[PDB]
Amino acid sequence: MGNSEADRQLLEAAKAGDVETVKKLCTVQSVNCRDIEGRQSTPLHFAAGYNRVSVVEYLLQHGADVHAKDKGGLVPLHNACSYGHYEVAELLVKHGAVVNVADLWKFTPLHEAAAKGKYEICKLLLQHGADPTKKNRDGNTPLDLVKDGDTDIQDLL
């Protein structure tokens, strides 16, 4: 089974930053619908990972769930951090995003940012109390995931 045409259109619009279509399709029932076809992202996951600030804003003001997890355990903040979207990350935290949350393999937003080499995001998450000693399933901290030649995030971490 697939999503209704309307939830499909809502998810697409969020991925594309089409705030006018989001307004049209966003209700209390639909706001946290899931892309069952893909990896079960909510509109907010899509908006966050694609850096659609105006959609993130609208979604959050309409009861979007900062705690909702996709098929792999990720919350929208993971998406924002993995892709280095600083403002989005800041908006999520401002609206209640838990910074220390872990996905199914115990990766935290900070693991993501570190591995991705996203310096400002690391500082942001730390500046907001993210725990650098957290280990994922492999026993790796965020520091452990920092690439060689990325000397500057190491010292930060």
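For the two forms, the rigid core is made up of the largest set of C-alpha atoms that agree within 1.5 Å on superposition. Note that residue numbering begins at 1 and tracks the sequence as displayed.
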Stretch farther from shown form by Cα RMS in 9 other deposited structures of this protein, picked from 4-12 and 147-155 after core fit, is 147-155
Quick one: say whether 143-151 or 21-29 has the higher mean Cα B-factor in the deposited entry.
-> 143-151
Do the C-alpha atoms of 126-134 or of 66-74 have the higher average B factor in the entry?
-> 126-134
Based on what the PDB entry reports, which of 101, 115, 55, 91 has the top C-alpha B-factor?
-> 115
What third of its chain, lowest, middle or highest, does the C-alpha temperature factor of residue 43 fall into?
-> lowest
Position of residue 110 among the chain's modelled residues by C-alpha B-factor, lowest, middle or highest third = middle
